[PDB]
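Working notes for the structure below.
Naming convention: chains lettered A, B, ... in sequence-line order (proteins, then strands); numbering from 1 in each chain.
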Amino acid sequence: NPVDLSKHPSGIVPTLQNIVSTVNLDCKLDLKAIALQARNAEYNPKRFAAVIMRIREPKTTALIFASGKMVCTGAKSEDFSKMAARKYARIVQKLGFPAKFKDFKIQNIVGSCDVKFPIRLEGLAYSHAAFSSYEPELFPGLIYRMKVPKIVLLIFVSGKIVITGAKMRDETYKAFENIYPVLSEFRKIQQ
DNA sequence: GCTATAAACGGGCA
DNA sequence: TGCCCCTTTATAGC
């Protein structure tokens with residue numbers, strides 16, 4: 001609630017919007033059995049090899065594979081992603097699979113924020129051509145590939161920003177603080 | 001729906 | 001190894 005200015009000298013804190021984590025349930029799973037018995041689980045192996053299962057709290061989607069690997073998507077924080085993963089693991093256990101909870105790992109963190117002024121994207125693409133891809137007839141946002149940390153930002157004329165590719169939220173924050181002074185150089189008036 | 005980004009998974013191609 | 005999918009999420013123009 002007090003913004004730590006040593007991590008956010010802009011004074012702006014990106015909001016986390018999506019976490020991807022993995023965990024190894026460490027046993028073989030009968031996906032047809034799981035899809036039949038579990039209420040909110042779909043399975044079309046012709047299309048995709050996973051059982052797709054969804055829970056309401058934390059609101060998430062798991063991809064559960066016959067190998068015992070699981071991907072958990074959609075949570076708003078690292079803690080919520082781990083808590084959701086444990087709930088999916090318990091669902092599988094309650095069906096009689098002896099599932100464990102091995103090597104849980106946060107794999108991707110997506111954040112977004114709003115610098116609250118419009119941005120002349122053409123100018124940023126021009127001066128940062130090596131890191132920028134801006135093709136407004138293909139997609140209206142500028143794609144910025146930051147090297148340190150290795151992070152991708154989507155930058156929009158509105159001042160909204162998407163920040164993805166982090167394994168640690170401090171990478172999300174560092175990328176935003178690296179880009180904020182650059183964005184400010186291309187601020188334009190809002191009609 | 002399409003177009004754009006990252007990551008994991010199993011799985012098609014080379 | 002790479003390519004192409006696969007779900008999720010913010011963003012936003014056709």
Indicate every side-chain donor-acceptor pair of residues 146-159 of chain A with a distance under 3.5 Å to a residue at least two apart or in another chain.
{"from": "A:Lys147", "atom 1": "NZ", "to": "A:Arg145", "atom 2": "O", "distance (Å)": "3.2"}
{"from": "A:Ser158", "atom 1": "OG", "to": "A:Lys160", "atom 2": "N", "distance (Å)": "3.3"}

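- Rounding to whole angstrom units, CD1 of residue A:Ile109 and P of C:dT7 are separated by 22 Å.
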For residues 44-56 of chain A, run the donor-acceptor check on the side chains, cut-off 3.5 Å, and write out each pair with its distance to 0.1 Å, sequence neighbours left out.
{"from": "A:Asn44", "atom 1": "OD1", "to": "A:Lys46", "atom 2": "N", "distance (Å)": "3.2"}
{"from": "A:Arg54", "atom 1": "NH2", "to": "A:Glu42", "atom 2": "OE2", "distance (Å)": "2.7"}

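- Of the candidate nucleotides C:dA10, B:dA6, B:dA8, C:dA10 has the atom lying nearest to any side-chain atom of A:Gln17.
- The shortest distance between side-chain heavy atoms of A:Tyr43 and A:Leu36 does not fall below 4.5 Å.
- Rounded to whole Å, the distance from CG on A:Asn108 to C1' on B:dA4 is 15 Å.
- With sequence neighbours excluded, the residues forming a side-chain contact (heavy atoms from CB on, under 4.5 Å) with A:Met168 are A:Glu171, listed by chain and number.
- Listed by chain and number, the residues in a ring pair (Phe, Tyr, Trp, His ring centres under 6.0 Å) with A:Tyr88 amount to none (sequence neighbours excluded).
- The stretch residues 117-126 of chain A has no heavy atom under 4.0 angstrom from DNA chain C at all.
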remark   = Dot-bracket assigned to DNA chain C with the 3.5 Å Watson-Crick/G-U criterion, [ ] for crossing and | for other-strand pairs, is |||||.||||.|||
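- A:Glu135 places its CD atom 15 Å from the P atom of C:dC14, with the value rounded to the nearest Å.
- Side-chain contact between A:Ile64 and A:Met70: present, with at least one pair of heavy atoms (C-beta onward) separated by less than 4.5 Å.
- For the consecutive pair C:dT11/C:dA12, the pyrimidine-type rings do not sit with centres less than 5.5 Å apart and planes less than 30° apart, so they do not qualify as a stack.
- A heavy atom lying under 4.0 Å from DNA chain B marks the following residues of residues 36-54 of chain A, by number: A:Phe48, A:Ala49.
- The distance between atom CD of A:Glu78 and atom P of B:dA7, rounded to the nearest whole Å, is 17 Å.
- The stretch residues 137-176 of chain A comes close to DNA chain C through A:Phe139, A:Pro140, A:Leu154, A:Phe156, A:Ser158, A:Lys160, A:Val162, each having a heavy atom under 4.0 Å from the strand.
- Closest approach to the A:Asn18 side chain among B:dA8, C:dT8, C:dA10 is made by C:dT8 (side chain taken as heavy atoms from C-beta onward).
- A:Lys76 is not listed as a side-chain neighbour of A:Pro58, based on a closest heavy-atom distance of 4.5 Å or more.
- Put simply, the side chain of A:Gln17 does not reach to within 4.5 Å of the side chain of A:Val162, judged on heavy atoms.
- Considering only residues two or more places apart in sequence or on other chains, A:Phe186 meets the ring pair (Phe, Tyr, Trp, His ring centres under 6.0 Å) condition with none of them.
- When the ring pair (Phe, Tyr, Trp, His ring centres under 6.0 Å) test is applied to A:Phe80, no partner is found at least two apart in sequence or on another chain.
- A:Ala99 and A:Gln93 get closest at one heavy-atom pair: O-NE2, 3.0 Å.
- Listed nucleotides B:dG10, B:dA8, C:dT9 differ in distance to A:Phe65; the shortest reach to its side chain belongs to B:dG10.
- In this structure, A:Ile19 places its CD1 atom 15 Å from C1' of C:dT7, rounding to the nearest Å.
- For the pair A:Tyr134 OH and B:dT3 P, the interatomic distance rounds to 19 Å; values are reported in whole Å.
- Listed for the A:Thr61 side chain is no donor-acceptor partner under 3.5 Å among the backbone atoms of A:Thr73.
- No engagement by A:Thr60 is indicated, since no non-hydrogen atom pair under 4.0 Å with the nucleic acid exists.
- Rounded to whole Å, atom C1' of B:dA6 lies 14 Å from atom CG of A:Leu16.
- The phosphate of C:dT8 has OP1 or OP2 within less than 4.0 Å of a side-chain N or O from A:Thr61.
- For the pair A:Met70 CE and B:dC9 P, the interatomic distance rounds to 13 Å; values are reported in whole Å.
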Would you tabulate the side-chain donor-acceptor contacts of residues 114-141 of chain A under 3.5 Å, counting partners in other chains and residues two or more places apart, or write 'none'?
{"from": "A:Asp114", "atom 1": "OD1", "to": "A:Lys116", "atom 2": "N", "distance (Å)": "2.8"}
{"from": "A:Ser132", "atom 1": "OG", "to": "A:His128", "atom 2": "O", "distance (Å)": "2.7"}

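- Rounded to the nearest Å, the gap between the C1' atom of C:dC6 and that of B:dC13 is 15 Å.
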Just distance, no hydrogens or angles: give the donor-acceptor pairs under 3.5 Å from side chains in residues 18-25 of chain A, sequence neighbours left out.
{"from": "A:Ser21", "atom 1": "OG", "to": "A:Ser81", "atom 2": "OG", "distance (Å)": "2.8"}
{"from": "A:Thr22", "atom 1": "OG1", "to": "A:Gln107", "atom 2": "NE2", "distance (Å)": "2.9"}
{"from": "A:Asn24", "atom 1": "OD1", "to": "A:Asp26", "atom 2": "N", "distance (Å)": "3.0"}

